[PDB]
Protein chains: 2
Amino acid sequence: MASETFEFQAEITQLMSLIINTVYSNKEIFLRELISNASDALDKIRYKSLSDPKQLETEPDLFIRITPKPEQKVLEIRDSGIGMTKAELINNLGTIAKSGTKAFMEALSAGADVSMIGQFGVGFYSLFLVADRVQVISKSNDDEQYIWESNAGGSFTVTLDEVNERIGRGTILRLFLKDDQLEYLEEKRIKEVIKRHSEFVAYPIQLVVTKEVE
Amino acid sequence: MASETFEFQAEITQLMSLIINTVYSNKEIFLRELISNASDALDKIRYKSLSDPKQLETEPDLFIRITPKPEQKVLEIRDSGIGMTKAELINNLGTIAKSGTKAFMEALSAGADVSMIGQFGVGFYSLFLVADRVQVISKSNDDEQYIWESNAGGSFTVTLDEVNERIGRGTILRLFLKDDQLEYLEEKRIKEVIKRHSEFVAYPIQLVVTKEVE
Ligand SMILES: C[C@@H]1C[C@H]2O[C@@H]2/C=C\C=C\C(=O)Cc2c(Cl)c(O)cc(O)c2C(=O)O1
Ligand SMILES: C[C@@H]1C[C@H]2O[C@@H]2/C=C\C=C\C(=O)Cc2c(Cl)c(O)cc(O)c2C(=O)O1
């Protein structure tokens, strides 16, 4: 109840406009970047749990889950990783500069391939290749569940979560797919994209598929 | 935020103890009864929509969805039917007598088969054959989302929903399966049970299955 608006650090706004507007051919790379963030987030909690085992109690199962929601033309990528607090969502996703933000844009301009985005540490923004709106729902052991939302505009919002399912711990990336990128809602397409660019992932990757009983 | 307790009409409490304690052999009948309630609830909104089309706008897709959640040993049966208001959950699920409640118990005592429960209009309670706890999450166009919860005790609770996913319209029956009835979480078992006792259902029945990418 009651949002909170924040301005995006100027360069992040540029990058976003760039990503969401590049005619780029190979938009499927966004899944690789998101699954990668999910994996690192899971490494984080695993490592932290080394000296603080109780930390995994909020969600003992470590996994990455992709859930397509046709009716709402939404694609969700979830992980039971370390999660983010209200402060971290604000920091990590928009108000703090980000080292490679400008460097990547400069590299892109020089001819670099969009797929290099992840090497600049800003792969998250690659989601705008297939979605024009996103909701990052997170729950860290250190805070409540919050929704961070953006549509590539110069500003984003953070609202305490009182509308989504409770996630024990972790993050959900709710991607509102563009009208021409609804192929990522299909199991085959998803399955194949995950196969080629994500072969060495330490955690199970679950695909949630809704099938009408024969 | 803030529950509200209510006592169960005495006979419903009896029936529940009976169901949750009957050694009965054919516990799988609960799915047939629940899918049946789901169907009737969908008929209700379809019919009402005949003269009030805007009523389907909250959720244009009419369906029944079964979603097993292993980690939490939970089984969910959802429908985008008419849904129930706070008042209706209280009325329909516990505080109002219910014509066949006593008649069915008398019939059972005479030797009747538990599967007749649905003919007495109290099939919902058959869920206690496989679950020792249940949450009925509902959203009617006429109210907010609420959670009705019970564990066959003499009382139940109703809380405004600020923790579950938003359902456009309809009801979710979250069944917390008993430790020895976890077979209903399996796709095959579910698939076969649905096949035998639910052949003439007017709406699509979707099974949500989580598969780890090969
Ligand atoms: C802050 C934590 C943990 C970090 O060390 C991990 C690696 C990358 C983080 C990138 C982010 O900016 C946030 C993020 C994104 Cl974008 C995502 O799609 C999935 C996630 O699970 C996280 C996250 O929860 O990240
Ligand atoms: C009140 C409405 C609509 C009624 O006319 C329909 C038929 C049966 C109703 C039985 C109930 O007692 C509530 C109920 C149950 Cl138990 C269920 O498992 C699923 C449902 O969708 C409803 C419901 O929403 O019911």
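All values below were derived from every heavy atom in this structure, side-chain atoms included, with hydrogens, water molecules and symmetry-related copies excluded. Below, chains carry the letters A, B, ... as their sequence lines are ordered, and counting in each starts from 1.
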### Test side chain to side chain contact (heavy atoms under 4.5 Å, CB included) applied to A:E71 and B:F63, step by step
CA-CA 12 Å; A:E71 193 167 13; B:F63 61 84; 4.2 Å; yes

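- Between chain B and the residues A:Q145, A:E165, A:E162, A:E59, the largest count of heavy-atom pairs under 4.5 Å involves A:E162.
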### Message
Quick one, B:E214 with A:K195, criterion salt bridge (charged side-chain N to carboxylate O under 4.0 Å, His left out). Give me CA distance, side-chain angles, the key distance, then yes/no.
### Response
CA-CA 8 Å; B:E214 301 70 56; A:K195 238 204 93 172; over 6 Å; no

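- Only the backbone of B:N164 comes within contact range of chain A, with at least one heavy atom under 4.5 Å from a heavy atom of that chain.
- For the side-chain contact (heavy atoms from CB on, under 4.5 Å) criterion with A:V209, the lone passing option out of B:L207, B:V209, B:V208, B:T210 is B:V209.
- Shortest non-hydrogen contact noted between B:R166 and A:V163 is NE-O, 2.9 Å.
- In this structure, CD on B:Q72 lies 9.0 Å from CG on A:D61, to the nearest 0.5 angstrom.
- B:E144 CD: 12 or fewer foreign heavy atoms inside a 6.0 Å radius.
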### Message
The test is side chain to side chain contact (heavy atoms under 4.5 Å, CB included); show your working for B:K211 and A:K191 and say whether it passes.
### Response
CA-CA 11 Å; B:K211 3 113 70 67; A:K191 273 225 213 226; 3.2 Å; yes

